[PDB]
There are 6 protein chains.
Amino acid sequence: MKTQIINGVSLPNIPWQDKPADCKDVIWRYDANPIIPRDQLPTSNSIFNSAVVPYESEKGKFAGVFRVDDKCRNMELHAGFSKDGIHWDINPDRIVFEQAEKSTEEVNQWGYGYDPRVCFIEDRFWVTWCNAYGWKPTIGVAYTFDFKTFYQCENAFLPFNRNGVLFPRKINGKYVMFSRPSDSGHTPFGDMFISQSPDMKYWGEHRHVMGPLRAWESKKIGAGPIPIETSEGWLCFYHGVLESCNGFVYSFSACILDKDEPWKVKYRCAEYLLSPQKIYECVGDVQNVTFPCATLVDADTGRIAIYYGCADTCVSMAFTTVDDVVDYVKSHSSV
Amino acid sequence: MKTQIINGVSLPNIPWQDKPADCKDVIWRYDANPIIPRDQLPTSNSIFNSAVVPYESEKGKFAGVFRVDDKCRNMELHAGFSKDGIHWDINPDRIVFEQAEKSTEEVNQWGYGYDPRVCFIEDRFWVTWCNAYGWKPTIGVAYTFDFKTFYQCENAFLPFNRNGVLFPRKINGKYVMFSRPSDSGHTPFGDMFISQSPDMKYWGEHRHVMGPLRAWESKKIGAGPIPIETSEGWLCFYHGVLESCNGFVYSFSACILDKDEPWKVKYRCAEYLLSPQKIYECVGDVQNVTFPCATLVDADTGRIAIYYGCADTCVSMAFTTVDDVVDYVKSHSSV
Amino acid sequence: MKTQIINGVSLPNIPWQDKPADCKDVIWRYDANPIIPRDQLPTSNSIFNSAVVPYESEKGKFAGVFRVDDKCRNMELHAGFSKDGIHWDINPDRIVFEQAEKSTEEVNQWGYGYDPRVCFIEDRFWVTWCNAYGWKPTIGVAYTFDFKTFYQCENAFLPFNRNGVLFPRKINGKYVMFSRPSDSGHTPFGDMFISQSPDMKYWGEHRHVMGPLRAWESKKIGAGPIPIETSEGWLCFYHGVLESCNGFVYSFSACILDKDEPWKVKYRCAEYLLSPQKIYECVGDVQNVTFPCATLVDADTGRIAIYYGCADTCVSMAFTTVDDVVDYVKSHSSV
Amino acid sequence: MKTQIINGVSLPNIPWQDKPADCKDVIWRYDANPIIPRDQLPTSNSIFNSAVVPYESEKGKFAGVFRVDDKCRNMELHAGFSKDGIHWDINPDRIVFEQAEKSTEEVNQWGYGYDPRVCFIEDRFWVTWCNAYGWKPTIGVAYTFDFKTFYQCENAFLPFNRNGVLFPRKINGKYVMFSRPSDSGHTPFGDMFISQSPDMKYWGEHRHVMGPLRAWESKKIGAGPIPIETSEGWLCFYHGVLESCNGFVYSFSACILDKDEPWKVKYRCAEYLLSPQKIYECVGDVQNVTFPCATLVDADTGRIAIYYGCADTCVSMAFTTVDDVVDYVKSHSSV
Amino acid sequence: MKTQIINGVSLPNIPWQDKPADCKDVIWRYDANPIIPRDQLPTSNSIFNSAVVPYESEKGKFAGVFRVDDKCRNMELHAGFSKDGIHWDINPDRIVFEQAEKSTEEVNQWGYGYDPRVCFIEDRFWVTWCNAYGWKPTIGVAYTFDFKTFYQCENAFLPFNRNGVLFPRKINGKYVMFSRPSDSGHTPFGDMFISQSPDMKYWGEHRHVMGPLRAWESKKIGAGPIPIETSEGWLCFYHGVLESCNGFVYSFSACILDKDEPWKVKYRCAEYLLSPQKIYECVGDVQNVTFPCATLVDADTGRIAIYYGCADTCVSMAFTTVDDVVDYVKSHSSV
Amino acid sequence: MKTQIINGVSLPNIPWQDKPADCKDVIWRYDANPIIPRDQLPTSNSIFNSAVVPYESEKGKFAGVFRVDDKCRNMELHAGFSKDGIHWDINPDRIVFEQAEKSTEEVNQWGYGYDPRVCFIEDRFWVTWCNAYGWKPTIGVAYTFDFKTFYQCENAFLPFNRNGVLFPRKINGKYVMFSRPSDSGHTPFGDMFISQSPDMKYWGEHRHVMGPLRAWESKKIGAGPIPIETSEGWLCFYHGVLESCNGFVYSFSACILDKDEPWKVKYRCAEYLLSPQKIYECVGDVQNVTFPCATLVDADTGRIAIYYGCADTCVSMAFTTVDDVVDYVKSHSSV
Ligand SMILES: OC[C@H]1O[C@@H](O[C@H]2[C@H](O)[C@H](O)[C@H](O)O[C@@H]2CO)[C@@H](O)[C@@H](O)[C@@H]1O
């Protein structure tokens with residue numbers, strides 16, 4: 001493989017299907033989508049925009065935190081487990097958080113939570129999500145060792161903010177997190193930023209990554225799954241929004257960020273790599289949405305399995321390789 | 001049966017299908033929806049949000065008033081009949097109202113009409129609908145003995161108003177009507193109210209029923225079909241709207257209102273009972289709409305046949321029981 | 001006088017100032033405006049848009065109900081008294097209503113109230129105002145014999161409604177009230193309607209009077225002071241709004257409506273008769289507002305003294321005559 | 001045939017399917033829609049709203065200019081060719097214009113272009129489209145002799161403008177073009193106008209054709225394909241928009257305009273003739289869109305083949321006849 | 001003088017006041033503003049944004065076209081005359097246009113007209129203004145020899161357009177006009193364009209001049225008075241808009257444009273040269289407006305007398321020199 | 001005095017005027033307002049919302065940081081000095097920041113800055129203001145020893161944020177700062193928050209203080225001047241906004257916050273203490289604004305001098321005492 005995967009994991013059991021010969025795209029879709037239907041739970045209205053990592057437990061080889069919207073249309077997080085990454089056993093009830101320190105007992109009352117991102121850092125799995133603080137969106141922060149008990153920390157930022165995503169290691173001695181300053185509704189703007197922290201409590205040294213650019217991402221953008229570390233830099237899949245007369249179209253693509261100053265863009269794919277086109281992507285609670293919150297990467301082979309929300313209704317899977325993505329991103333770069 | 005139907009009728013021939021073994025919901029859909037397609041009439045663009053009652057005539061055992069939008073997209077009402085309550089003979093031409101009294105000849109010039117509700121009271125059938133007065137929406141009123149000739153009365157209210165639904169009898173010697181103060185557009189608010197009238201012409205004693213509460217009903221709510229009198233109070237199905245970045249999503253559920261002062265809420269289901277999920281509910285003239293304007297109730301058995309509009313395009317049917325709905329409403333009550 | 005005053009009152013002591021010789025307008029302003037400053041009460045932020053009638057008491061020859069906004073910006077009504085109609089003794093505290101019947105003790109909790117209109121009808125003074133029902137604007141109704149105790153009745157209409165103004169007698173055996181369907185905000189539309197009532201409780205036979213027409217009144221209109229009965233019909237001063245790039249401009253003019261069917265417009269002045277031009281009219285809490293809620297009329301001379309709110313800040317006075325206004329209205333009529 | 005085709009062409013080889021016997025519409029769809037799928041080009045996100053004419057080349061009997069949006073969602077024009085007018089060979093790369101005159105070399109830099117209309121006039125083919133002048137929409141103008149090389153002329157108008165459509169010959173010695181004054185976004189309005197030019201460069205004598213009228217066309221309208229000269233006058237299909245709570249619905253119909261002064265409406269169909277009802281019309285990048293930019297007409301038989309964008313995603317075809325459309329328009333005429 | 005005036009006139013009688021000693025601005029106000037108050041005519045609500053040129057008549061040495069809004073708030077044009085350029089005799093009644101050619105007899109129905117600009121070209125005075133065509137704003141065109149009879153020509157453009165201003169001679173054989181593409185309301189955008197015409201009827205070769213830039217002009221810009229020819233090129237005062245939370249703030253400044261291609265900016269002043277600061281500029285019908293539609297220039301000395309609308313209420317005057325404006329524009333230039 | 005000032009300073013020379021006998025308000029205005037006119041600098045368009053502290057230098061006994069908007073309407077910070085705190089010597093040119101550490105040389109390029117707040121903490125003066133990061137509003141931080149050289153630090157937060165105000169000492173060993181999450185425009189919402197930092201670089205432990213509550217403050221609130229430490233807790237003046245049909249009205253009041261956890265409100269005045277009422281508060285660049293950013297407090301007497309911006313045009317002064325404000329806050333407390 002041309003590009004190397006750095007600080008990765010060997011994943012011979014990664015969910016995978018080979019690219020079809022007729023496929024002329026960088027990314028191809030699993031052929032039995034969705035992998036998680038809207039009604040997998042007795043209480044679920046929809047299940048989408050969800051987080052997935054390798055994890056060995058008694059219930060399989062992968063664990064996750066899943067956004068579940070229930071039949072009240074409350075937004076919640078559920079832990080799940082899978083043997084193959086495709087058929088998922090999702091907890092019937094929501095994650096109920098324990099506070100990590102007593103100092104957040106008063107502040108961190110549960111209201112809602114959605115679009116989780118999860119990555120392993122040094123000794124535990126960190127979770128970020130869009131968390132309500134006084135019914136305002138901000139980035140909630142927690143950790144888990146086992147995906148059974150979850151320990152909530154301080155919200156990283158003031159409202160209004162969404163799409164908080166952690167880099168999977170420290171950079172120049174600090175935790176680094178993507179976020180995306182928003183407003184109190186269906187935000188008509190959005191640039192990606194990073195913020196930095198020595199301790200995962202206090203945040204600062206905020207840095208602008210990039211804003212809307214090409215037509216398919218003209219309205220707003222945000223981070224998607226965990227950044228993937230490569231010899232080229234951080235490979236970061238992100239969503240971008242086009243506004244039609246009838247609303248938003250959510251597609252996603254990738255960029256490559258500088259390894260040590262990840263707010264500096266090296267490459268940025270001018271085209272989307274996947275866009276809402278299939279019936280489960282176009283029809284549903286929110287039409288025309290393909291929204292990636294996790295990927296698995298087999299460092300041995302460069303194989304990527306992408307988890308993405310479809311029409312805010314279900315979870316689907318798509319496939320590609322690091323080499324394919326990096327080559328396309330570099331040869332089809334914006335600015 | 002646990003909950004008793006009051007002032008009901010015996011409907012052994014109620015359209016009905018049993019609840020599928022796999023169905024884990026309170027309400028289940030007819031397995032051959034829609035029962036009335038957008039194009040059933042030579043002139044119709046769409047047929048939805050419609051009123052049905054038991055009524056014996058030369059053309060069947062049920063009758064109704066149907067919302068038919070033509071190929072000008074004008075909004076009209078057509079009378080209709082059916083032997084089984086599923087396969088419908090809808091008049092090709094619109095209802096042309098006669099004035100009940102000569103003193104409304106000037107005022108009640110036809111503009112448009114939609115979303116009728118119909119119920120028998122003491123000696124005739126009363127029809128309410130969203131009626132244009134000077135091209136502004138208010139609640140039209142009419143009566144019929146035979147669903148052949150319709151006699152229009154005074155509009156009950158000033159604009160702007162919609163979702164006017166009559167209680168099926170007098171309460172404390174007064175006619176009682178659900179309505180829903182609106183605006184001149186696609187109203188971004190909506191609470192349910194009742195108004196009262198001794199003579200069906202002059203209205204007063206307005207009482208606030210309830211407003212938007214849970215997420216699925218957070219933007220606006222409105223009355224649906226005719227209230228059902230039970231031993232628990234008035235069982236009222238109603239619609240509720242959630243607003244996404246792309247538009248409105250219309251679901252429905254139910255509440256129980258006090259017998260004597262129906263504006264007082266006893267129970268209110270925190271969850272929707274049916275939401276737009278099938279292709280014919282999510283795809284059409286207006287995406288993601290499931291909008292109930294009528295139910296048939298078999299007082300003997302407690303079986304319910306619900307008629308609801310789908311995507312503002314067609315009419316579908318769904319089934320449940322009084323006991324099942326009452327149980328769920330009470331066990332999952334809001335406030 | 002060419003036009004007669006019908007069912008009027010002899011008012012030789014009417015506040016009055018002769019037309020300045022340089023004045024070329026139909027209506028002319030009192031030369032010492034405002035007659036009531038924003039800070040006349042210790043608690044008042046502003047006092048405007050208020051109702052005034054003749055009334056013999058211990059504190060004068062005139063009484064009224066005054067909109068007073070306090071230093072919380074709460075909207076309230078205060079009774080007031082005056083010897084001359086110009087210098088007012090306004091109660092420091094709000095009217096706290098008694099319910100006329102116990103059946104409204106639950107429903108009529110006090111939220112806010114503003115823009116009162118008052119007229120004598122047969123045996124008492126009736127008051128209408130924009131009354132909050134569940135924090136939504138509608139028309140409150142009350143009566144008083146002495147401006148010391150006020151007895152509140154049922155809100156006449158559902159929300160959202162404002163500018164409810166009573167005709168000062170029954171017409172065709174019914175009470176008749178101007179109102180003006182609105183929305184939940186700074187309403188960007190508005191037509192005048194009337195509704196009718198046998199008993200001041202239940203309302204119906206809603207009739208459209210007129211909507212926005214000339215430029216100065218292009219955005220919305222509404223009833224101003226009590227209708228004045230005249231041998232030409234009902235002389236009705238009303239307000240009209242023009243919308244600039246910077247907000248609203250409130251002017252007022254007059255129309256003449258049919259004596260027997262008051263929703264039928266006979267004449268309607270194409271020009272405004274007064275608009276925001278003085279510093280106390282253009283500067284204050286709400287710029288560019290001249291808003292009439294009361295006139296005094298001397299039936300003997302046809303002299304009219306007009307009370308109007310200025311910039312939602314103070315109350316001012318203007319003068320004109322029935323003959324002057326009627327002639328100008330007739331010679332400069334729209335449709 | 002009852003209505004004669006004037007200055008038309010003989011097209012025995014026009015794409016054609018007969019009207020099915022069950023069919024109760026003026027216009028029936030091709031039974032294997034869409035005829036050009038979204039993914040026919042390796043780089044295409046969507047292909048829709050396209051222009052087509054008879055033209056004999058080495059690659060077929062028809063040629064065209066196609067709107068292609070790429071995987072950047074850039075909006076572009078591609079030349080295309082076809083033997084049967086149904087299966088299309090579309091150039092993989094965009095048209096790169098050459099300037100007709102040196103004087104536009106600085107001015108006409110390529111930004112974007114979409115929704116072309118093309119007709120032969122006198123000695124060449126004229127192309128109009130919505131062209132970006134400094135990223136503002138106006139009407140681009142070009143000609144071609146061979147659909148290989150395209151020569152760009154002056155933008156006909158100032159922004160903001162769209163739906164520029166040439167009449168297929170001079171009228172009273174002047175070129176005449178439909179356009180449609182717009183704004184900088186998803187325009188919430190739109191009336192049809194014509195403009196006139198002695199020389200295809202300077203434009204004037206602007207005349208208002210018509211504006212929004214019936215419910216299906218109540219938000220805005222705009223020209224569709226090239227006007228068809230007939231014995232009744234100019235037969236012009238146009239699109240009309242209805243606004244629902246979730247967005248826009250594009251349908252199309254026809255009007256007949258005066259032969260000598262085409263801004264004068266002679267007949268205008270009150271109903272649409274085709275609206276979004278099929279899955280490929282209702283689901284796609286922009287839901288609920290049927291948008292015509294081209295028709296073929298066989299003057300020998302009166303047969304019409306219509307090309308129309310579906311859901312801004314694909315190109316579809318429909319059929320009708322001149323006599324059928326004309327007859328329906330006349331018998332169902334607006335004003 | 002340092003900058004020469006080209007093709008100017010000798011105006012020793014130009015209205016004038018020397019710059020006060022304490023003044024630190026490039027432009028200083030006349031010390032008895034306004035020169036035309038809102039009520040100068042018996043029917044006027046306001047008089048502002050008006051056009052002025054040298055012209056010898058029986059009524060003085062200056063003539064003008066004045067925007068007069070009446071007490072209907074109709075927008076009109078009145079011709080006027082002055083001996084000194086400061087005190088004005090304005091016609092009581094509106095200009096009633098005569099059609100230059102029979103061909104515009106049907107098109108040009110009077111609706112409204114505002115903000116005229118006027119200049120002499122070769123043999124007559126040309127008048128442009130914002131003219132209603134079917135109640136939509138575009139640029140009206142007329143000429144006059146004596147300011148008594150006014151001959152209307154074709155509207156130069158389609159709606160929606162405003163701020164049409166002619167250059168006072170042909171450039172490269174063509175008439176050249178500023179305009180400013182707008183929308184159907186209080187336009188939240190605006191770039192200056194020019195358009196060119198061989199004959200004052202057909203327009204083409206549209207070029208972008210410039211758009212909003214600095215903070216004071218960040219919302220929108222538009223041409224002001226007639227361009228002034230200098231040895232530096234075309235000296236052009238334009239207005240610019242800042243949007244606060246309460247509305248728009250209209251100031252004006254100046255740019256210098258290329259003599260041969262006036263759409264090319266040579267210099268543009270980063271600061272405004274005048275903004276709303278006096279009581280008569282900040283208070284009135286539209287707050288915070290200083291809007292220039294005319295200047296007089298004495299070519300012999302470089303003195304400029306600026307006429308400008310204040311608060312859309314009255315007409316004021318300000319003074320400056322060509323050398324001062326030029327020096328300041330060049331030394332404080334944007335881009 | 002009844003309420004003790006804690007950690008205050010002796011300030012015998014505080015600017016002061018006694019309360020007029022006729023004054024019935026808690027706060028009275030300086031009798032020669034404004035103390036700083038809009039045109040005090042040769043380049044200033046307006047000077048308002050400004051910061052002031054006791055500081056002995058060669059130019060006086062008080063120093064400050066002033067918001068100056070220039071004739072470009074750029075927003076800037078200028079240093080200034082006063083002998084008496086009323087008459088000010090304001091530096092003609094903006095503050096050009098030096099970076100505290102080299103590591104912000106790249107990020108902290110100057111865009112704009114406004115509404116500074118300044119307080120002395122342990123050994124230096126700290127300055128917060130609304131600072132542009134990539135032309136988006138956030139909170140800038142800097143410090144100074146002499147008000148001659150200013151050292152910029154890291155922006156405390158991500159956009160979008162405004163009204164950053166430091167508490168004047170550490171609390172539980174952490175810096176505490178008010179802020180107010182905003183959006184990209186004229187924010188139509190706003191709650192007060194605090195954030196905490198061990199080092200003035202990294203921020204976290206965000207706590208919600210309070211949101212809009214009373215009518216005068218119904219649209220949004222934000223912190224005003226530096227908190228004052230008293231025996232009741234933290235006396236904090238703050239601004240709140242009412243939205244009328246013509247825009248915003250900015251008033252201010254005071255609340256009392258818990259000593260140890262200042263996000264917990266102890267008292268909150270229901271009324272405003274000062275609102276726009278004078279000509280210089282109601283007329284100017286932004287009508288109806290009274291906006292406090294600094295107070296001087298004489299601990300020996302409890303006299304308070306308040307600096308506040310008027311109509312975003314000038315700086316004014318007002319007077320009150322700690323005892324007067326605290327007593328009124330407690331006895332007129334909200335929740
Ligand atoms: O907004 C005042 C300035 O704007 C422009 O025109 C107005 C016009 O007076 C009228 O209000 C119309 O309805 O709307 C326009 C505002 O959009 C300017 O060209 C000028 O007239 C005004 O100073």
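As a basis for the values below, the full set of heavy atoms in this structure was taken, side chains included, without hydrogen atoms, waters or symmetry mates. Indexing begins at 1, ligand by ligand and atom by atom, following the structure's order. Throughout, a chain's letter reflects where its sequence line sits, starting with A, and its residues are numbered from 1.
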Would you mind listing which atoms of ligand 1 come within a distance below 4.0 Å of any non-hydrogen atom of [X]?
X         : value
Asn49(E)  : 20 (C), 21 (O), 22 (C), 23 (O)
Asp115(E) : 18 (C), 19 (O), 20 (C), 21 (O)
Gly185(E) : 17 (O)
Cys245(C) : 1 (O)

In this structure, which one of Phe150(E), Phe125(E), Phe120(E), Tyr151(E) forms a ring-ring contact (aromatic ring centres under 6.0 Å, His included) with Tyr143(E)?
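Answer after filtering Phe150(E), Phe125(E), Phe120(E), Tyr151(E): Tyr151(E).
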If the test is ring-ring contact (aromatic ring centres under 6.0 Å, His included), which one of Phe193(E), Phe167(E), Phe237(E) qualifies with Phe178(E)?
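By the ring-ring contact (aromatic ring centres under 6.0 Å, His included) criterion, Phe178(E) pairs with just one of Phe193(E), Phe167(E), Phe237(E): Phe167(E).
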Least distance between heavy atoms, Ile47(E) atom then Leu41(E) atom
CD1-CG, 4.1 Å
Tell me which protein heavy atom sits closest to [atom], plus the residue, atom name and distance to 0.1 Å.
atom                    : result
atom 10 (C) of ligand 1 : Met75(E) SD, 4.1 Å
atom 4 (O) of ligand 1  : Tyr250(E) OH, 3.2 Å
atom 6 (O) of ligand 1  : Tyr114(E) CE1, 3.6 Å
atom 22 (C) of ligand 1 : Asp312(E) OD2, 3.4 Å

Residues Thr187(E), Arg162(E); criterion side chain to side chain donor-acceptor pair (under 3.5 Å); working and verdict
CA-CA 10 Å; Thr187(E) 314; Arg162(E) 191 156 48 240; 3.2 Å; yes
Salt bridge (charged side-chain N to carboxylate O under 4.0 Å, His left out): which pairs involve residues 177-193 of chain E, sequence neighbours left out?
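Every salt bridge (charged side-chain N to carboxylate O under 4.0 Å, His left out) pair that includes a residue of residues 177-193 of chain E, provided the two are not neighbours, is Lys136(D)-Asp191(E).
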Pairwise distance CD1(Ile194(E)) to CG(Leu158(D)) - rounded to 0.5 angstrom
9.0 Å
For atom 11 (O) of ligand 1, the option (of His239(E), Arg162(E), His186(E)) bearing the nearest heavy atom
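The nearest heavy atom belongs to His186(E).
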So is there a nitrogen or oxygen of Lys220(E) less than 3.5 Å from a nitrogen or oxygen in ligand 1?
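By distance alone, the answer is no.
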What about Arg67(E): any of its N or O atoms under 3.5 Å from an N or O on ligand 1?
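Right, the criterion is met.
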Can you confirm whether the side chains of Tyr114(E) and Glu76(E) place a donor and an acceptor under 3.5 Å from each other?
no
Test your reading of the model: is there a side-chain donor-acceptor pair from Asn74(F) to the backbone of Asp69(F), 3.5 Å cut-off?
no
What part of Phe248(E), side chain from CB on, backbone N/CA/C/O, both or neither, has a heavy atom under 4.0 Å from ligand 1?
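Contact part for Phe248(E) vs ligand 1: neither.
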